[PDB]
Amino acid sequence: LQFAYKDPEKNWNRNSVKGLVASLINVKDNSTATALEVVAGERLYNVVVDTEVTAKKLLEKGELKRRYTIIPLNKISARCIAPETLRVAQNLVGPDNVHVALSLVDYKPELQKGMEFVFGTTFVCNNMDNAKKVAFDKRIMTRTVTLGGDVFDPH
């Protein structure tokens, strides 16, 4: 199912609306899809657009059929997992066993900041023992999801 809307005004540039997050990603390996679905949760159905102006016009004049959460690419600002945090995680459980979720998906480069928001703030680990070790480490303190779809969140 695609995102549907009424043109908010005349001469509407349809390219300003990218669509549902779920429609914009290509999972690199099907065996990680369960984890990625849990990483994103309801954000799979957030709508990505170019700017806050486009977002505003859709919300006000798009005759949207439900409440939507819109990700405006020019304003979205994730609090990302830092490279040092990943380094520490890799040393803790092994680099084969922990990845930033973002590294598991492909997408058009223009979507980068939106994808950082959805997938750049959560780790994916191979199993529960490692997920717990990573998530709750005082140096890491970051939401972590297992390949089995279990979640560990220090907050």
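Start at 1 with the first residue shown and count on from there.
Stretch comparison (21-29 versus 8-16) by mean CA B-factor in the PDB entry places 8-16 on top. For the segment pair 116-124 and 96-104, the entry gives 96-104 the higher mean B-factor, averaged over Cα atoms.
Per the PDB record, residue ranking by Cα B-factor puts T51 in the lowest third of the chain. Annotation for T34: CA B-factor lies in the middle third of the chain's modelled residues. In the deposited entry, the Cα temperature factor of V88 sits in the top third of values across the chain's modelled residues. Looking at the C-alpha B-factors along this chain, the one for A82 belongs to the highest third.
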